[PDB]
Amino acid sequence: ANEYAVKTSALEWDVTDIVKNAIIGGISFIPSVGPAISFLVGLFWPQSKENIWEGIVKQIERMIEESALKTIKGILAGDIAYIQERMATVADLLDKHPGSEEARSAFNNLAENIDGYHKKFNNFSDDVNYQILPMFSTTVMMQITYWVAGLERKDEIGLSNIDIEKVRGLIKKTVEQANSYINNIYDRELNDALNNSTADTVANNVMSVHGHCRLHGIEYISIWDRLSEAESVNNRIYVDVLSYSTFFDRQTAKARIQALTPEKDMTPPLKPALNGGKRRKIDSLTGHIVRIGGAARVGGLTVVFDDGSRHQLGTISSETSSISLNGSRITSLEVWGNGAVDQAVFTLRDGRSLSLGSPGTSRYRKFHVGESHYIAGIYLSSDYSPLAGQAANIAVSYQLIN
């Protein structure tokens, strides 16, 4: 009816992160179009594994209404299966006979037939559409990468000017439709969570929408936007879009202030600032430990960025332990707590870790999206007097980095 309730996963995940990483790194090492198309096939339909669509379904199916889920699985069983076989066939024909009419016809025919597959994953109810957004965005990326890879290598395929202009129109129309669609459902869901949540739930309800739509939509757009402009899959792309987590484990007024800030106006330390087109890196972290009944607990956190800017979060203490990131990125944050932050463990890519506090519970929550998403910002607050200085919540922002 009215009171908003989160419709997606409580935690943040990405099944398409291997695809995104390979794309933003480019495939300049693959000169031939045949191997280039085969390399794409290996991303979306990995050998001897489930494809990306099936992997997304396994993550979200527990939340999908049954009749909609049966329709979705039928699409994967038929349409998605046909594309794998056809694209593999097109890749082999381009490999064996690079300039032949047989291979070019197969590419152009497949280029036409994949037009509109993205609409198969936004033809449901508004709620199911929102839930399967990663399925829509994955299908769009499959379309754009196939079209652009062939268009970039149009001389090796032998495309005519009519073929070239047709593929261009497909890329342009599809990117505009996807950007329009993703931003439309993002804006609607964010407004629903902002105005129809209670005071006790609005912070995590809003952050959840930001996380879902930016990790499974906005950061996608940043990738294929560059792909369509350059008409190339050979360039190294930097994605400055951030996605977000919810607050663990008690929402406070300071957390609400952050969550209710428009994403474009969010400040450090939760959202790292832009410098020269790059998001600033975290230079060091200083944890502040408070004693609650003799036990070590997280009280506060100091975040220093590579520009020297310092950000004090939570309670200042005389018991501290720090770590210098030395240019390495935070791959995971693990927190134990029940109504508060008992212990927090930051793990860096280089193997080092910083552990703060001690667990007073088994209740646990991991901030970790995958191998190509890194914690780029942190927020923490202790504005809950019953906790007597102990941190009440913590949240992070993720960035896709090659």
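Quick note: we count residues from 1 along the sequence shown, nothing fancier.
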Please compare 336-344 with 41-49 and name the stretch with the higher mean C-alpha B-factor in the deposited structure.
41-49
Going by the entry, of stretches 181-189 and 274-282 the one with greater average Cα B-factor is 274-282
From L242, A295, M142, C213, can you pick the one with the highest C-alpha B factor in the entry?
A295
Going by the deposited entry, which of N161, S137, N205, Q84 has the highest CA temperature factor?
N161
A1: which third of its chain by C-alpha temperature factor?
highest
Divide the modelled residues of the chain into thirds by Cα B-factor and specify which third, lowest, middle or highest, holds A91.
middle
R352: C-alpha B-factor third of its chain, per the entry, is the middle
Determine, from the deposited record, the chain-internal third of the Cα B-factor for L227: lowest, middle or highest.
highest
Looking at the C-alpha B-factor of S321, is it in the lowest, middle or highest third of its chain?
highest
